[PDB]
Amino acid sequence: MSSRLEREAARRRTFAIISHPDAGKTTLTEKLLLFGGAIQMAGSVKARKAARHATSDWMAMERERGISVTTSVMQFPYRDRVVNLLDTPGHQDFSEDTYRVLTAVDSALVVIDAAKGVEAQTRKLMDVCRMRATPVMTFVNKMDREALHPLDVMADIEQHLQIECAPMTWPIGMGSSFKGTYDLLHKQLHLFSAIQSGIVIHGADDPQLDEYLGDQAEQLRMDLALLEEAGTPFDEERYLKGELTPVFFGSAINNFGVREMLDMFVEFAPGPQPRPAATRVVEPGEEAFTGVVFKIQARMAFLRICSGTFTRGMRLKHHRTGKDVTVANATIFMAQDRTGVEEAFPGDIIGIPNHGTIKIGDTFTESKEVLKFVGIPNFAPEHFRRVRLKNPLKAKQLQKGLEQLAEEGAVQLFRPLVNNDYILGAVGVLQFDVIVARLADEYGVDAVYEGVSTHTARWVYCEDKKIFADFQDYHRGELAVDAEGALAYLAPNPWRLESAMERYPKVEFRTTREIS
Ligand SMILES: Nc1nc2c(ncn2[C@@H]2O[C@H](COP(=O)(O)OP(=O)(O)O)[C@@H](OP(=O)(O)OP(=O)(O)O)[C@H]2O)c(=O)[nH]1
């Protein structure tokens, strides 16, 4: 029946966490790792957390490359599945890279702070998942602090993440009155105390509820009947379509409620899925190795394995340059206690060292066939700046530098139609600081920034050749070309954009565009 590869490939579970800041992603991640026996990685995740708020000597330690790479892809075994959890940079580090990580996961898990509910970064990231039709599992965290009512929390999720909510575990009480969770499908009761085997409940009439929950038993029975009416039973097919999301309540800090969520994930989360290419749809089943670059770092290119098997001694062909590339000493991301020939299977991540001459989306194969993976885009930035050059004779240099950095994708570049200025857009503002320093160290250029009216950008496309031309004349003042030669409308804010948009309903204004 199944092949060695098709099995190995299917044990994979590749996901990232989409969360707003301070929700507990780091805490939950460390918790997940401990379940996978990933003792050391878990240490690293914890050590880094600690080092942020530590003395100066550590801040200088966490900010280094060696570590932010080890924890960038964290793999651990769980219930014989190989879970590949990809770090999604947040806080100060939030950038386009975060979105790109979402272009490499078969699925995602949402983590919500119960007190805050759905916040801005949660919505933003979910926005990405929706367009790529990526199934999501939801974990409502921090039930030990006072929080929103669970029904309120679902309502919040449903409204703002535009998806149905299927609760799997329900919380009894909250804050100081947090007793634990009742797992609806398994008819088990999990008490919070200072993991543990749960208690079987037979019917909602079980006196055990009274025994363990006391006067709070009434609320669970109260809540459960409400649920069994306006309730969405987890439906596997609907989850995969993205229409529905399983919800879990817990206290990551206390390693509570996590087990159930982890189990749901290994059992039902998607394994490596087919990937589109220009010529055809690559299947993870195929023996021939294929991979797609989704992240780059200053040089190493992280690659998601799309089909086949990766080993050190193998030879890969870089299609864009047409070159032949060596992976002799790559980075294979794998759980500690390796114990096997060193190989990677579809859904895994590998770090190919390659100097320059790469882009986001580049395809590497084993065979002599032309193949080009598609669908990893650039995302419209929220933040813009105009780059000013102090010494005008260095203009040829800045131009090289910026064009090269954008090809590499450290930032997005916009050249207005009515002037010679450079406007940089960034998914997160940190990118601007990175760009300045790199421009100096790699290109010998001191560049400054200046503020601009612009807060919004959309890529414009129109079928009616006359209308599009008329439009381009009217909004000559707001148009720009990006590094990839694409036409972009720049607006001061989303509202001002609608004025333009309602005037030209026949012009499309996209928030993404494919790379070449
Ligand atoms: N009560 C409660 N708190 C939780 C829970 N999970 C995480 N936290 C706390 O929330 C803060 C953010 O957690 P992170 O895990 O760093 O969140 P993030 O990665 O999403 O930014 C931390 O507090 P901090 O004070 O900023 O740092 P720390 O010194 O406490 O680690 C952490 O201890 C939870 O389940 N219950």
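Here the Cβ positions follow ideal geometry from the backbone for every residue, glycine too, while neighbour counts run over all protein chains shown. Read-outs: derived from the displayed coordinates by stated rules, not from any lab.
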Inset, instruction - Starting from the Cα of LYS396, draw a straight line to each of the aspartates and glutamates and keep only those under 18 Å, dropping any in the same chain fewer than 8 residues away. - result: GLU407, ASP421, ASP441, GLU442, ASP446, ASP482
Inset, instruction - Go through the stretch 481-487 residue by residue and turn each phi into a ³J(HN,Hα) via Karplus (6.51, -1.76, 1.60, θ = phi - 60°); whole Hz please, and just put x for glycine and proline. - result: 9, 8, 4, 8, x, 9, 7
Legend entry - Sequence-distant residues sharing a close amide H with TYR449 (under 5 Å, placed H): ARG388
Inset, instruction - Kindly put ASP421, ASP57 in sequence by how many other C-beta atoms sit within 10 Å of each C-beta, fewest to most. - result: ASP57, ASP421
Inset, instruction - Kindly write out, for the stretch 277-294 in residue order, the coupling ³J(HN,Hα) from the Karplus curve 6.51 cos²θ - 1.76 cosθ + 1.60 (θ = phi - 60°), rounded to whole Hz, with x marking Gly and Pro. - result: 9, 4, 7, 6, 9, 5, 10, x, x, 4, 5, 5, 5, 9, x, 10, 6, 10
Legend entry - Per-selection metrics, the stretch 376-516 (Cα): Rg and Dmax in Å: 15.3, 46
Inset, instruction - Mind checking which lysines have their Cα closer than 25 Å to the Cα of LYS46? Skip sequence neighbours fewer than 8 apart in that chain. - result: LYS25, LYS31, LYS116, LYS142, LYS295
